[PDB]
Amino acid sequence: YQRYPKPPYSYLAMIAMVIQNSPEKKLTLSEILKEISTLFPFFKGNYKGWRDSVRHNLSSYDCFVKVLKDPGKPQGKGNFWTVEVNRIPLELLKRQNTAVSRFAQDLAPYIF
DNA sequence: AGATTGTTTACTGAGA
DNA sequence: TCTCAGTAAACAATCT
């Protein structure tokens with residue numbers, strides 16, 4: 001275990017932001033992972049475990065709603081992820097007091 | 001096969 | 001001290 005110099009934003013906030021900026025306000029996991037590394041080039045680099053963290057966030061926060069790529073086959077894969085913004089704990093959209101921090105200070109304008 | 005997706009467990013270190 | 005976003009991985013099912 002170790003902490004990496006990621007952008008000063010929660011994985012929640014960065015996921016929510018890419019979903020909310022998408023055309024239909026929904027993205028597959030692959031699109032999420034692709035858009036996040038575009039907006040934050042640190043993720044384009046060698047470290048790849050953030051892709052695990054990201055996937056983990058999508059399942060751990062109620063604000064992340066999986067809508068099925070197929071109504072039938074509810075066990076399928078490759079589904080679209082949406083964010084229910086009112087269910088977002090508003091402090092997680094704010095820039096983090098971490099080493100790296102020592103775009104904007106609050107991600108709310110990109111999301112609501 | 002071997003990779004990905006979805007969920008889940010299990011811990012970690014930094015910041016209140 | 002206590003919490004929890006961050007990070008690692010096991011696992012089941014699907015996907016290529």
Side-chain angles (χ1 to χ4, degrees):
Chain A
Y1 195 93
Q2 84 180 72
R3 293 286 170 72
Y4 301 82
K6 51 169 281 268
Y9 302 108
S10 62
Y11 287 113
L12 187 153
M14 301 184 290
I15 293 166
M17 177 172 48
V18 309
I19 296 176
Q20 277 304 278
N21 291 187
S22 58
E24 301 150 297
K25 293 180 174 316
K26 77 194 179 193
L27 294 172
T28 60
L29 179 60
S30 270
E31 296 166 343
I32 291 159
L33 294 178
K34 172 56 178 183
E35 215 70 47
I36 285 181
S37 60
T38 303
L39 292 186
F40 304 100
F42 165 78
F43 295 127
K44 273 187 284 188
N46 256 323
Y47 175 63
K48 295 265 298 180
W50 59 273
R51 299 183 163 250
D52 182 7
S53 303
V54 164
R55 196 169 77 257
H56 167 81
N57 271 65
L58 285 166
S59 301
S60 297
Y61 292 92
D62 337 52
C63 62
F64 296 126
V65 165
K66 167 159 59 53
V67 313
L68 290 165
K69 188 185 60 173
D70 200 22
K73 318 179 184 230
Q75 313 305 323
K77 305 301 189 163
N79 307 274
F80 300 98
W81 291 94
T82 63
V83 61
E84 291 198 335
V85 294
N86 305 132
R87 313 205 45 153
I88 292 179
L90 281 175
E91 49 273 307
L92 297 198
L93 306 185
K94 300 203 246 175
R95 193 180 54 167
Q96 279 166 338
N97 171 10
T98 58
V100 170
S101 192
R102 302 183 194 96
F103 282 162
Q105 214 281 168
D106 187 41
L107 291 203
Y110 309 88
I111 284 158
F112 286 102

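Each chain gets a letter, A, B and so on, in the order the sequences are listed, and its residues count up from 1. Hydrogens, waters and symmetry mates play no part in the numbers below; they use all other heavy atoms, side chains included.
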Novice: Less than 4.5 Å apart, side chain to side chain, heavy atoms only: is that true for A/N86 and A/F112?
Specialist: yes
Novice: With the threshold set at under 4.0 Å for non-hydrogen atoms, list the residues of residues 27-40 of chain A touching DNA chain B in residue-number order.
Specialist: A/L29, A/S30
Novice: Tabulated below should be each protein N or O lying under 3.5 Å from an N or O of nucleotides 12-16 of chain C; please produce it.
Specialist:
{"residue": "C/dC15", "atom": "OP1", "partner": "A/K77", "partner atom": "N", "Å": "3.3"}

Novice: Between P on C/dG6 and CG on A/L12, what's the gap in Å once rounded to a whole number?
Specialist: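 That distance rounds to 8 Å.
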Novice: Determine whether more than 12 heavy atoms belonging to other residues, nucleotides or ligands lie under 6.0 Å from atom CD of A/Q75.
Specialist: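 No, not enclosed.
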Novice: Quick one: which protein N/O atoms are closer than 3.5 Å to N/O atoms of nucleotides 7-11 of chain C? Pair and distance per line, please.
Specialist:
{"residue": "C/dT7", "atom": "OP1", "partner": "A/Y4", "partner atom": "N", "Å": "2.9"}
{"residue": "C/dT7", "atom": "OP2", "partner": "A/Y11", "partner atom": "OH", "Å": "2.4"}
{"residue": "C/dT7", "atom": "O4'", "partner": "A/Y1", "partner atom": "OH", "Å": "3.4"}
{"residue": "C/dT7", "atom": "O4", "partner": "A/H56", "partner atom": "NE2", "Å": "3.1"}
{"residue": "C/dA8", "atom": "OP1", "partner": "A/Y4", "partner atom": "OH", "Å": "2.6"}
{"residue": "C/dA8", "atom": "OP2", "partner": "A/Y47", "partner atom": "OH", "Å": "2.4"}
{"residue": "C/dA9", "atom": "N7", "partner": "A/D52", "partner atom": "OD2", "Å": "2.7"}
{"residue": "C/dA9", "atom": "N6", "partner": "A/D52", "partner atom": "OD1", "Å": "3.2"}

Novice: Check whether any side-chain heavy atom of A/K25 lies under 4.5 Å from a side-chain heavy atom of A/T82, and answer yes or no.
Specialist: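 Side-chain contact under 4.5 Å: no.
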Novice: Describe the nucleic acid contact of A/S10 in one word from base, sugar-phosphate, nothing, applying a heavy-atom distance below 4.0 Å.
Specialist: sugar-phosphate
Novice: What is the distance from CD1 of A/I88 to P of C/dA5, rounded to the nearest Å?
Specialist: 13 Å
Novice: Are A/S101 and A/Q96 close enough that some pair of their side-chain heavy atoms sits under 4.5 Å apart?
Specialist: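 No. Closest side-chain heavy atoms not under 4.5 Å.
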Novice: Could you state the interatomic distance from CD1 (A/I111) to CG (A/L93), rounded to the nearest 0.5 Å?
Specialist: 4.5 Å
Novice: Quick one: A/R51 CZ to B/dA3 P, roughly how many Å, whole number?
Specialist: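 Interatomic distance, CZ of A/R51 to P of B/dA3: 15 Å.
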Novice: Which part of the nucleic acid, if any, lies within contact of A/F64, taking any heavy atom under 4.0 Å across all strands shown: a base, the sugar-phosphate backbone alone, or nothing?
Specialist: nothing
Novice: Salt-bridge test for A/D106 and A/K94: reply yes if a basic N is under 4.0 Å from a carboxylate O, no otherwise.
Specialist: no
Novice: How long is the line joining CG of A/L68 and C1' of B/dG6, in whole Å?
Specialist: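 Distance, rounded to whole Å: 11 Å.
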Novice: Do any of residues 89-100 of chain A sit with a heavy atom less than 4.0 Å from DNA chain B, and if so which?
Specialist: A/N97, A/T98
Novice: Can you find a heavy atom in the side chain of A/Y61 that is under 4.5 Å from one in the side chain of A/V83?
Specialist: no
Novice: Please give me the minimum heavy-atom distance between A/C63 and A/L12, naming the atom from each residue.
Specialist: SG-CD1, 4.1 Å
Novice: Could you state the atom-to-atom distance from CG of A/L107 to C1' of C/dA5 in whole Å?
Specialist: 15 Å
Novice: Test side-chain contact (heavy atoms from CB on, under 4.5 Å) on A/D62 and A/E84 and set out the steps.
Specialist: CA-CA 8 Å; A/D62 337 52; A/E84 291 198 335; over 6 Å; no
Novice: Are the side chains of A/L68 and A/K73 in touch, meaning some heavy atoms are under 4.5 Å apart?
Specialist: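 Contact flag for A/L68/A/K73 side chains = no.
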Novice: Determine which pairs satisfy ring pair (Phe, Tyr, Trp, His ring centres under 6.0 Å) with at least one residue from residues 75-108 of chain A, sequence neighbours left out, and list them in order.
Specialist: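 Non-adjacent pairs meeting ring pair (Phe, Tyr, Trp, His ring centres under 6.0 Å): A/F40-A/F103, A/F103-A/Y110.
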Novice: Once you round to the nearest 0.5 Å, how far does CG of A/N79 lie from CG of A/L27?
Specialist: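 It comes to 13.0 Å.
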Novice: So, using side chain to side chain contact (heavy atoms under 4.5 Å, CB included) as the criterion, who are the partners of A/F42 when residues are at least two apart?
Specialist: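 For A/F42 the side chain to side chain contact (heavy atoms under 4.5 Å, CB included) partners, ignoring immediate neighbours, are A/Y4, A/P5, A/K6, A/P7, A/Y47.
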